[PDB]
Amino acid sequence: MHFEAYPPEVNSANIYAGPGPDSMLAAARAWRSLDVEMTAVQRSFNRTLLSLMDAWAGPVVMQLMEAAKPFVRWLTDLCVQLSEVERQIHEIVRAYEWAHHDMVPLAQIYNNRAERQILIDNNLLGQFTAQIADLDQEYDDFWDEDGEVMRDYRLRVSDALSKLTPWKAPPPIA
């Protein structure tokens, strides 16, 4: 994604439009409750197996635990992944908030263009030509700044997602 190829009107307008991070924040609270609930599930499951091992403690049951181990370790792995989701969603929301803040406001872009046309409309004798070129450099500076902000936004978001590893299928017990 090479946003430095798009002019500042595009990158600035794109980040300022939209509904904001609320739906992301609501999802972080939801994922976080799943983490809480499934940690309880993992704790209850381990306890269920240990009570059965206590109430008979014989070859019949000791073989059920062996056939249950792959699922138990899977359930542990799932708990670790669940605890990561909320953290990374909030890293993403922060990346968006910093991108929004560091992006050049559209008003600055519009004002540059508007001032440029006022010099054009008064440049019959050519004595504003250099100041026109200065305004063109400032616009290119805006272009570069928005390109840098989107670069850093992509990289922060890409790092956060890379830490959300794929869900794996649960093994069978019976």
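Residue numbers here begin at 1 and follow the sequence given.
Chemist: So, looking at the entry's B-factor column for Cα atoms, which has the higher mean, 109 to 117 or 57 to 65?
Modeler: For C-alpha atoms only, the mean B-factor is higher in 57 to 65.
Chemist: Quick one: higher average CA temperature factor, 165 to 173 or 3 to 11?
Modeler: Comparing 3 to 11 with 165 to 173, the higher average CA B-factor belongs to 165 to 173.
Chemist: In the PDB entry, which of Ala26, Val149, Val41, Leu50 has its C-alpha at the highest B-factor?
Modeler: Of the candidates given, the C-alpha B-factor peaks at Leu50.
Chemist: Among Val85, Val104, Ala99, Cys79, where is the Cα temperature factor highest, going by the PDB entry?
Modeler: Within the set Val85, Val104, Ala99, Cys79, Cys79 shows the top C-alpha B-factor.
Chemist: Split into thirds by Cα B-factor across the chain's modelled residues, where does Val93 land: lowest, middle or highest?
Modeler: Middle third of the chain for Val93's C-alpha B-factor.
Chemist: Compared with the other modelled residues in the chain, in which third is the CA B-factor of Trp31?
Modeler: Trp31: CA B-factor falls in the middle third of its chain.
Chemist: Classify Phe128 as lowest, middle or highest third according to the C-alpha B-factor given in the PDB entry, relative to its own chain.
Modeler: Highest third.
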